[PDB]
file protein-v1.cif (mmCIF, N, CA and C atoms)
data_final
#
loop_
_atom_site.label_atom_id
_atom_site.label_comp_id
_atom_site.auth_asym_id
_atom_site.auth_seq_id
_atom_site.Cartn_x
_atom_site.Cartn_y
_atom_site.Cartn_z
N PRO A 16 -44.13 78.49 19.09
CA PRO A 16 -45.30 79.30 18.67
C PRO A 16 -46.27 78.57 17.70
N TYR A 17 -47.46 79.18 17.53
CA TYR A 17 -48.47 78.80 16.50
C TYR A 17 -48.97 77.33 16.63
N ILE A 18 -49.31 76.73 15.46
CA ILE A 18 -49.80 75.35 15.31
C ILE A 18 -51.32 75.23 15.29
N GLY A 19 -51.94 75.34 16.44
CA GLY A 19 -53.38 75.16 16.51
C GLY A 19 -54.04 76.14 17.46
N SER A 20 -55.25 75.80 17.92
CA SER A 20 -55.99 76.65 18.84
C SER A 20 -55.61 76.31 20.27
N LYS A 21 -55.15 77.30 21.01
CA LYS A 21 -54.67 77.09 22.36
C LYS A 21 -55.85 77.06 23.31
N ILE A 22 -56.01 75.98 24.02
CA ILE A 22 -57.12 75.83 24.93
C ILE A 22 -56.63 75.13 26.18
N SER A 23 -57.44 75.14 27.19
CA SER A 23 -57.14 74.42 28.36
C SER A 23 -58.30 73.48 28.62
N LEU A 24 -57.98 72.22 28.74
CA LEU A 24 -58.96 71.19 28.92
C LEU A 24 -58.75 70.54 30.25
N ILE A 25 -59.81 70.41 31.01
CA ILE A 25 -59.76 69.72 32.24
C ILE A 25 -60.44 68.35 32.10
N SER A 26 -59.67 67.29 32.35
CA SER A 26 -60.16 65.93 32.25
C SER A 26 -60.99 65.56 33.49
N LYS A 27 -61.70 64.40 33.42
CA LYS A 27 -62.64 63.92 34.47
C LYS A 27 -62.06 63.97 35.91
N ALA A 28 -60.74 63.90 36.04
CA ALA A 28 -60.10 63.88 37.35
C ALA A 28 -59.82 65.29 37.83
N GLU A 29 -60.38 66.26 37.11
CA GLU A 29 -60.23 67.68 37.39
C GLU A 29 -58.78 68.11 37.21
N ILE A 30 -58.17 67.56 36.16
CA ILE A 30 -56.79 67.85 35.82
C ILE A 30 -56.75 68.75 34.59
N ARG A 31 -56.04 69.87 34.70
CA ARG A 31 -55.92 70.84 33.60
C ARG A 31 -54.73 70.54 32.68
N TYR A 32 -54.93 70.76 31.39
CA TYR A 32 -53.88 70.60 30.39
C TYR A 32 -53.99 71.77 29.41
N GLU A 33 -52.88 72.27 28.92
CA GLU A 33 -52.88 73.28 27.89
C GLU A 33 -52.25 72.73 26.62
N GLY A 34 -52.88 72.97 25.50
CA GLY A 34 -52.38 72.48 24.23
C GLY A 34 -53.05 73.14 23.11
N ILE A 35 -52.83 72.62 21.95
CA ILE A 35 -53.44 73.10 20.80
C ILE A 35 -54.44 72.10 20.17
N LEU A 36 -55.68 72.44 20.31
CA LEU A 36 -56.82 71.69 19.77
C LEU A 36 -56.68 71.48 18.27
N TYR A 37 -56.96 70.25 17.83
CA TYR A 37 -56.84 69.87 16.44
C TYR A 37 -58.22 69.57 15.81
N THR A 38 -59.04 68.77 16.47
CA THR A 38 -60.37 68.40 15.94
C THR A 38 -61.31 68.05 17.11
N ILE A 39 -62.62 68.23 16.92
CA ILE A 39 -63.61 67.86 17.92
C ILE A 39 -64.75 67.12 17.24
N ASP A 40 -65.08 65.94 17.72
CA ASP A 40 -66.18 65.18 17.17
C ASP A 40 -67.43 65.57 17.91
N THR A 41 -68.16 66.49 17.34
CA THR A 41 -69.35 67.05 17.96
C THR A 41 -70.41 65.97 18.34
N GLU A 42 -70.46 64.85 17.61
CA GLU A 42 -71.48 63.81 17.88
C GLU A 42 -71.26 63.15 19.26
N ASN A 43 -70.02 62.90 19.62
CA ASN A 43 -69.73 62.23 20.91
C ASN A 43 -69.10 63.20 21.87
N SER A 44 -68.94 64.44 21.39
CA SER A 44 -68.33 65.53 22.16
C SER A 44 -66.85 65.23 22.45
N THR A 45 -66.29 64.28 21.72
CA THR A 45 -64.95 63.84 21.94
C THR A 45 -63.93 64.85 21.40
N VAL A 46 -62.92 65.12 22.18
CA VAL A 46 -61.93 66.10 21.84
C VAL A 46 -60.65 65.42 21.38
N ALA A 47 -60.18 65.78 20.19
CA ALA A 47 -58.96 65.22 19.66
C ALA A 47 -57.82 66.20 19.84
N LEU A 48 -56.96 65.90 20.76
CA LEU A 48 -55.83 66.72 21.03
C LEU A 48 -54.58 66.17 20.40
N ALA A 49 -53.71 67.08 20.07
CA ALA A 49 -52.49 66.81 19.44
C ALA A 49 -51.56 67.84 19.95
N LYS A 50 -50.38 67.43 20.32
CA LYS A 50 -49.37 68.31 20.84
C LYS A 50 -49.89 69.22 21.97
N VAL A 51 -50.37 68.56 22.98
CA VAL A 51 -50.76 69.23 24.17
C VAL A 51 -49.46 69.55 24.92
N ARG A 52 -49.14 70.81 25.06
CA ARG A 52 -47.98 71.23 25.80
C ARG A 52 -48.07 72.73 25.96
N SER A 53 -47.39 73.28 26.97
CA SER A 53 -47.36 74.71 27.18
C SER A 53 -46.71 75.43 25.96
N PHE A 54 -47.03 76.71 25.77
CA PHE A 54 -46.62 77.44 24.59
C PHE A 54 -46.01 78.83 24.91
N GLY A 55 -44.70 78.89 25.00
CA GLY A 55 -44.08 80.18 25.25
C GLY A 55 -42.88 80.09 26.16
N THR A 56 -41.69 80.13 25.55
CA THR A 56 -40.37 80.03 26.23
C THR A 56 -40.11 78.65 26.79
N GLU A 57 -38.93 78.16 26.52
CA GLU A 57 -38.46 76.88 26.94
C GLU A 57 -37.85 77.02 28.36
N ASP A 58 -36.85 76.19 28.67
CA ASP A 58 -36.11 76.22 29.97
C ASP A 58 -35.22 77.47 30.05
N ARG A 59 -35.35 78.27 29.05
CA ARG A 59 -34.68 79.52 28.89
C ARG A 59 -35.74 80.54 28.49
N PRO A 60 -35.57 81.81 28.85
CA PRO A 60 -36.53 82.88 28.51
C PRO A 60 -36.39 83.27 27.03
N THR A 61 -36.28 82.26 26.17
CA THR A 61 -35.96 82.43 24.79
C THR A 61 -34.71 83.26 24.55
N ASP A 62 -33.59 82.63 24.80
CA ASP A 62 -32.25 83.24 24.52
C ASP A 62 -31.95 83.10 23.04
N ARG A 63 -32.85 82.41 22.41
CA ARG A 63 -32.86 82.07 21.04
C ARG A 63 -34.32 81.79 20.72
N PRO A 64 -35.01 82.81 20.22
CA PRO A 64 -36.44 82.74 19.88
C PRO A 64 -36.81 81.48 19.10
N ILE A 65 -37.79 80.79 19.61
CA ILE A 65 -38.17 79.51 19.08
C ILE A 65 -39.18 79.69 17.98
N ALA A 66 -38.98 78.94 16.96
CA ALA A 66 -39.82 78.91 15.79
C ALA A 66 -40.68 77.66 15.86
N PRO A 67 -41.86 77.61 15.20
CA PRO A 67 -42.71 76.41 15.18
C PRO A 67 -42.04 75.18 14.61
N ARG A 68 -41.37 74.51 15.47
CA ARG A 68 -40.78 73.22 15.20
C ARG A 68 -41.06 72.36 16.38
N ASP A 69 -42.15 71.67 16.32
CA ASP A 69 -42.63 70.94 17.45
C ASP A 69 -43.29 69.67 16.92
N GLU A 70 -43.19 68.59 17.67
CA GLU A 70 -43.71 67.31 17.23
C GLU A 70 -44.69 66.73 18.25
N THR A 71 -45.56 65.88 17.78
CA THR A 71 -46.64 65.41 18.59
C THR A 71 -46.38 64.02 19.20
N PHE A 72 -46.09 63.98 20.50
CA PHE A 72 -45.88 62.72 21.22
C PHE A 72 -46.89 62.55 22.38
N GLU A 73 -47.20 63.64 23.05
CA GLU A 73 -48.09 63.66 24.24
C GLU A 73 -49.60 63.65 23.90
N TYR A 74 -49.92 63.72 22.60
CA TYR A 74 -51.32 63.77 22.10
C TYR A 74 -52.23 62.68 22.69
N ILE A 75 -53.52 63.00 22.79
CA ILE A 75 -54.49 62.09 23.36
C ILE A 75 -55.93 62.52 22.96
N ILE A 76 -56.81 61.55 22.80
CA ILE A 76 -58.20 61.79 22.47
C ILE A 76 -59.03 61.50 23.69
N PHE A 77 -59.88 62.42 24.04
CA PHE A 77 -60.70 62.28 25.21
C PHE A 77 -62.13 61.90 24.86
N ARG A 78 -62.77 61.13 25.75
CA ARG A 78 -64.15 60.68 25.60
C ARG A 78 -65.17 61.82 25.50
N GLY A 79 -64.75 63.04 25.83
CA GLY A 79 -65.63 64.19 25.70
C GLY A 79 -66.56 64.33 26.86
N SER A 80 -67.34 63.31 27.08
CA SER A 80 -68.26 63.26 28.22
C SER A 80 -67.47 63.20 29.56
N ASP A 81 -66.17 62.97 29.45
CA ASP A 81 -65.25 62.95 30.59
C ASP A 81 -64.52 64.26 30.73
N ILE A 82 -65.05 65.33 30.18
CA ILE A 82 -64.38 66.61 30.34
C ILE A 82 -65.08 67.44 31.41
N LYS A 83 -64.31 68.00 32.30
CA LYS A 83 -64.82 68.83 33.37
C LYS A 83 -64.94 70.27 32.94
N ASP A 84 -64.09 70.69 32.00
CA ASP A 84 -64.10 72.10 31.55
C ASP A 84 -63.31 72.30 30.27
N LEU A 85 -63.89 73.06 29.35
CA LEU A 85 -63.24 73.41 28.09
C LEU A 85 -63.15 74.91 27.94
N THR A 86 -62.01 75.46 28.23
CA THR A 86 -61.81 76.88 28.09
C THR A 86 -60.87 77.19 26.91
N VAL A 87 -61.40 77.88 25.92
CA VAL A 87 -60.66 78.22 24.70
C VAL A 87 -60.05 79.63 24.80
N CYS A 88 -58.97 79.86 24.07
CA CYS A 88 -58.34 81.17 24.05
C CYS A 88 -58.55 81.89 22.70
N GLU A 89 -58.62 81.13 21.61
CA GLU A 89 -58.81 81.72 20.30
C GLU A 89 -59.79 80.92 19.44
N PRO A 90 -60.94 81.53 19.09
CA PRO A 90 -61.96 80.89 18.24
C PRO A 90 -61.55 80.91 16.75
N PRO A 91 -61.27 79.73 16.16
CA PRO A 91 -60.87 79.61 14.74
C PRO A 91 -61.97 80.08 13.77
N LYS A 92 -63.20 79.76 14.09
CA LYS A 92 -64.33 80.12 13.25
C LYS A 92 -65.41 80.80 14.09
N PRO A 93 -65.49 82.15 14.03
CA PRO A 93 -66.51 82.92 14.75
C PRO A 93 -67.91 82.66 14.19
N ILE A 94 -67.95 82.33 12.91
CA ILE A 94 -69.18 82.01 12.23
C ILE A 94 -69.16 80.54 11.89
N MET A 95 -70.15 79.82 12.36
CA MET A 95 -70.23 78.39 12.16
C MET A 95 -71.44 78.07 11.30
#
call {"tool": "encode", "arguments": {"input": "protein-v1.cif", "output": "structure tokens"}}
result
Amino acid sequence: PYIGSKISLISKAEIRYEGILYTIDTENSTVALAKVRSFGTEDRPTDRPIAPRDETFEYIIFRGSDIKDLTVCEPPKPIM
């Protein structure tokens, strides 16, 4: 559970990924992802409810201009 803003980003190859957004460089439109992974139940339907203990290995920064689609689920700041 928790961590960051859950979004789905589609890269230039029209490939979708779900993760938690960490930072976005508005100048180059570059998206900084960290711990991109699905969120909710492991290989088990939570036989033991999982707490936020997760580490970042799959993280990646995208060129931004190479994004096909940015769909967000939760807006951190409604007022910018």
call {"tool": "closest_residue", "arguments": {"input": "protein-v1.cif", "among": "A:42, A:69, A:58, A:81", "to": "residue 27 in chain A", "atoms": "only C-alpha atoms"}}
result
A:81
call {"tool": "atom_distance", "arguments": {"input": "protein-v1.cif", "atom1": "CA of residue 90 in chain A", "atom2": "CA of residue 68 in chain A"}}
result
22.7 Å
call {"tool": "resolve_selection", "arguments": {"input": "protein-v1.cif", "expression": "the PyMOL selection byres ((chain A and resi 53) around 6.5)", "output": "ChimeraX atom specification"}}
result
/A:33-34,51-52,54-55
call {"tool": "closest_residue", "arguments": {"input": "protein-v1.cif", "among": "A:85, A:31, A:47, A:65", "to": "residue 17 in chain A", "atoms": "only C-alpha atoms"}}
result
A:65
call {"tool": "closest_atom_pairs", "arguments": {"input": "protein-v1.cif", "of": "range 24-45 of chain A", "to": "range 75-79 of chain A", "cutoff": "7 Å", "atoms": "all atoms listed in the file", "output": "Markdown table"}}
result
| residue | atom | partner | partner_atom | distance |
| --- | --- | --- | --- | --- |
| A:43 | C | A:79 | CA | 5.3 |
| A:44 | C | A:79 | CA | 3.6 |
| A:45 | CA | A:79 | CA | 3.8 |
call {"tool": "residues_around", "arguments": {"input": "protein-v1.cif", "residues": "residue 37 in chain A", "least_positions_apart": "2", "cutoff": "7 Å", "atoms": "only C-alpha atoms", "output": "ChimeraX atom specification"}}
result
/A:19,35,47-49
call {"tool": "residues_near_point", "arguments": {"input": "protein-v1.cif", "point": "(-63.3, 68.8, 32.5)", "cutoff": "6 Å", "atoms": "only N, CA and C atoms", "output": "MDAnalysis selection string"}}
result
chainID A and resid 24:27 29 81:85
call {"tool": "select_by_dssp", "arguments": {"input": "protein-v1.cif", "residues": "chain A", "states": "strand (DSSP E or B)", "output": "MDAnalysis selection string"}}
result
chainID A and resid 20:26 30:40 45:49 75:77 82:87
call {"tool": "resolve_selection", "arguments": {"input": "protein-v1.cif", "expression": "the PyMOL selection byres (((chain A and resi 71 and name CA) around 6) and name CA)", "output": "list in words"}}
result
residues 50, 70 and 72 of chain A
call {"tool": "decode", "arguments": {"input": "protein-v1.cif", "residues": "range 45-80 of chain A", "atoms": "N, CA, C and O atoms", "output": "CSV table (one decimal), in the first residue's frame"}}
result
chain,number,residue,atom,x,y,z
A,45,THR,N,9.9,15.3,-18.5
A,45,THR,CA,10.5,14.1,-18.1
A,45,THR,C,9.8,13.5,-16.8
A,45,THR,O,9.6,14.3,-15.9
A,46,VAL,N,9.5,12.3,-16.8
A,46,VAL,CA,8.8,11.7,-15.7
A,46,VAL,C,9.8,10.8,-14.9
A,46,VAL,O,10.5,9.9,-15.5
A,47,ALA,N,9.9,11.1,-13.6
A,47,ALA,CA,10.8,10.3,-12.8
A,47,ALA,C,10.0,9.3,-12.0
A,47,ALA,O,9.2,9.7,-11.0
A,48,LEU,N,10.1,8.1,-12.4
A,48,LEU,CA,9.4,7.0,-11.7
A,48,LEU,C,10.3,6.3,-10.7
A,48,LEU,O,11.5,6.1,-11.0
A,49,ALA,N,9.7,5.8,-9.7
A,49,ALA,CA,10.4,5.1,-8.7
A,49,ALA,C,9.4,4.1,-8.2
A,49,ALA,O,8.2,4.4,-8.1
A,50,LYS,N,9.8,2.8,-8.1
A,50,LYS,CA,9.0,1.8,-7.6
A,50,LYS,C,7.7,1.6,-8.5
A,50,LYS,O,6.6,1.8,-8.0
A,51,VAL,N,7.9,1.5,-9.7
A,51,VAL,CA,6.9,1.2,-10.6
A,51,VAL,C,6.5,-0.3,-10.4
A,51,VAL,O,7.4,-1.2,-10.7
A,52,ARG,N,5.3,-0.6,-9.9
A,52,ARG,CA,4.9,-2.0,-9.8
A,52,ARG,C,3.4,-1.9,-9.4
A,52,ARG,O,2.9,-0.9,-8.9
A,53,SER,N,2.7,-3.0,-9.7
A,53,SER,CA,1.3,-3.1,-9.3
A,53,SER,C,1.1,-2.9,-7.8
A,53,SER,O,2.0,-3.2,-7.0
A,54,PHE,N,-0.1,-2.5,-7.3
A,54,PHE,CA,-0.3,-2.2,-6.0
A,54,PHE,C,-1.6,-2.8,-5.4
A,54,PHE,O,-2.7,-2.2,-5.6
A,55,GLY,N,-1.5,-3.9,-4.8
A,55,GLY,CA,-2.7,-4.5,-4.2
A,55,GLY,C,-2.7,-6.0,-4.3
A,55,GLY,O,-3.1,-6.6,-5.4
A,56,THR,N,-2.4,-6.7,-3.2
A,56,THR,CA,-2.3,-8.2,-3.1
A,56,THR,C,-1.2,-8.8,-3.9
A,56,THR,O,-0.9,-8.4,-5.0
A,57,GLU,N,-0.4,-9.6,-3.2
A,57,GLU,CA,0.7,-10.3,-3.7
A,57,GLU,C,0.2,-11.6,-4.5
A,57,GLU,O,-0.9,-11.6,-5.0
A,58,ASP,N,1.0,-12.6,-4.5
A,58,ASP,CA,0.7,-14.0,-5.1
A,58,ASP,C,-0.4,-14.7,-4.3
A,58,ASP,O,-0.7,-15.8,-4.6
A,59,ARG,N,-0.8,-14.0,-3.3
A,59,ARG,CA,-1.8,-14.4,-2.4
A,59,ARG,C,-2.8,-13.3,-2.3
A,59,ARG,O,-2.4,-12.1,-2.4
A,60,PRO,N,-4.1,-13.6,-2.0
A,60,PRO,CA,-5.1,-12.5,-1.9
A,60,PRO,C,-5.0,-11.8,-0.5
A,60,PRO,O,-6.0,-11.5,0.1
A,61,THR,N,-3.8,-11.5,-0.1
A,61,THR,CA,-3.4,-11.0,1.2
A,61,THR,C,-4.0,-11.9,2.3
A,61,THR,O,-5.0,-11.6,2.9
A,62,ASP,N,-3.3,-13.0,2.5
A,62,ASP,CA,-3.6,-13.9,3.6
A,62,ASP,C,-2.9,-13.4,4.8
A,62,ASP,O,-3.1,-13.9,5.9
A,63,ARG,N,-2.2,-12.3,4.6
A,63,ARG,CA,-1.5,-11.6,5.6
A,63,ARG,C,-1.3,-10.2,5.0
A,63,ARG,O,-0.5,-10.0,4.1
A,64,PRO,N,-2.2,-9.3,5.4
A,64,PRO,CA,-2.3,-7.9,4.9
A,64,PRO,C,-0.9,-7.3,4.8
A,64,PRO,O,-0.2,-7.2,5.8
A,65,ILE,N,-0.6,-6.8,3.7
A,65,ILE,CA,0.8,-6.2,3.5
A,65,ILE,C,0.8,-4.8,3.8
A,65,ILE,O,-0.2,-4.0,3.6
A,66,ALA,N,1.8,-4.4,4.5
A,66,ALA,CA,2.1,-3.1,5.0
A,66,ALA,C,3.1,-2.4,4.0
A,66,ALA,O,3.9,-3.2,3.4
A,67,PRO,N,3.2,-1.1,3.9
A,67,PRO,CA,4.2,-0.4,3.1
A,67,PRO,C,5.6,-0.7,3.4
A,67,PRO,O,6.3,-0.1,4.3
A,68,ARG,N,6.1,-1.8,2.9
A,68,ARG,CA,7.5,-2.2,2.9
A,68,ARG,C,7.9,-2.6,1.6
A,68,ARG,O,7.7,-3.8,1.2
A,69,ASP,N,8.4,-1.7,0.8
A,69,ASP,CA,8.6,-2.0,-0.6
A,69,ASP,C,9.9,-1.2,-0.9
A,69,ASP,O,10.1,-0.1,-0.4
A,70,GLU,N,10.7,-1.7,-1.8
A,70,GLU,CA,11.9,-1.1,-2.2
A,70,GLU,C,12.0,-0.9,-3.7
A,70,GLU,O,11.3,-1.5,-4.5
A,71,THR,N,12.8,0.1,-4.1
A,71,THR,CA,12.8,0.5,-5.5
A,71,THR,C,14.0,-0.1,-6.3
A,71,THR,O,15.1,0.3,-6.1
A,72,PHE,N,13.6,-1.0,-7.2
A,72,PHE,CA,14.6,-1.6,-8.1
A,72,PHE,C,14.3,-1.4,-9.6
A,72,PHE,O,15.1,-1.2,-10.4
A,73,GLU,N,13.0,-1.5,-9.9
A,73,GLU,CA,12.5,-1.4,-11.2
A,73,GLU,C,12.3,0.1,-11.8
A,73,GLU,O,12.0,0.3,-12.9
A,74,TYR,N,12.6,1.1,-10.9
A,74,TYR,CA,12.5,2.5,-11.2
A,74,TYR,C,13.2,2.9,-12.5
A,74,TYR,O,14.2,2.3,-12.9
A,75,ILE,N,12.7,4.0,-13.2
A,75,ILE,CA,13.2,4.4,-14.4
A,75,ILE,C,12.7,5.9,-14.7
A,75,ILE,O,11.6,6.3,-14.3
A,76,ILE,N,13.6,6.6,-15.4
A,76,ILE,CA,13.2,8.0,-15.8
A,76,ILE,C,13.0,8.0,-17.2
A,76,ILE,O,13.8,7.5,-18.0
A,77,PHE,N,11.9,8.6,-17.6
A,77,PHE,CA,11.5,8.7,-19.0
A,77,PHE,C,11.8,10.0,-19.6
A,77,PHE,O,11.6,11.0,-18.9
A,78,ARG,N,12.1,10.1,-20.9
A,78,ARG,CA,12.4,11.3,-21.7
A,78,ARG,C,11.2,12.2,-21.7
A,78,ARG,O,11.3,13.4,-22.2
A,79,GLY,N,10.0,11.8,-21.3
A,79,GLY,CA,8.8,12.6,-21.3
A,79,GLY,C,8.2,12.8,-22.6
A,79,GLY,O,7.0,12.4,-22.8
A,80,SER,N,9.0,13.3,-23.6
A,80,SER,CA,8.5,13.4,-25.0
A,80,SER,C,8.3,12.0,-25.6
A,80,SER,O,7.7,11.9,-26.7
